[PDB]
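# Structure assessment
Here's the letter readout for the chains.
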Amino acid sequence: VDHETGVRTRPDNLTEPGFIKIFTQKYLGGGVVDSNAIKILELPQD
Amino acid sequence: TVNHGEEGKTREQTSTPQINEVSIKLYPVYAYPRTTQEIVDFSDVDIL
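Residues numbered from 1 in each chain as written, not as in the entry; some residues may be left out. Chains lettered and ligands numbered in written order. Part of a larger assembly, values for the part shown. Heavy atoms only, no water.

- Method of determination, as given in the entry header: cryo-EM; reported resolution: 3.24 Å.

## Here we look at the interface of chain B and chain A
- Listed by partner, the interface residues are four residues for chain B and five residues for chain A.
- At the boundary of chain B with chain A, total buried surface from both sides reaches about 410 Å², with 54% on carbon and sulfur atoms.
- Ranking the residues of chain B by area buried against chain A places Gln-37, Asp-41 and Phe-42 of chain B at the top, with a combined share of 90%.
- Where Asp-41 of chain B meets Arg-8 of chain A, a salt bridge forms, and the shortest distance between an N and an O atom there is 2.6 Å.
- The tally of links from chain B across to chain A stands at four residue pairs in polar contact.
- Across the side of chain B that touches chain A, the residue classes break down as one nonpolar, one polar and two charged. (Contact = heavy atoms within 4.5 Å. Buried area = accessible area lost by both parts, 1.4 Å probe. Salt bridge = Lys/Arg side-chain N within 4 Å of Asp/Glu carboxyl O. Polar contact = N/O pair within 3.5 Å; in protein donor to acceptor, adjacent residues only side chain to side chain. Nonpolar A, V, L, I, M, F, W, Y, C, P; charged D, E, K, R; others polar.)

Below you can see the structure in the form of structure tokens.
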């Protein structure tokens, strides 16, 4: 799941002067919908 | 004051009109809501 805005990069160069804090943000989400569609296999690792 | 006084005499020095001053000082009315960016993005009513 993504947001309509997506990746947004705001280069805050004011709050801490002498610095650019490049605040890059992306709203990300993930969920297992219909778990019957996915299967897992843990190897014995010897 | 407008001194009528004596007509047949040297005319007296009337008092001048007074002036007052009103010191209207400006001051800031301010609002500082720390909204979270989450609500701005997630709301579909334009919460800002």
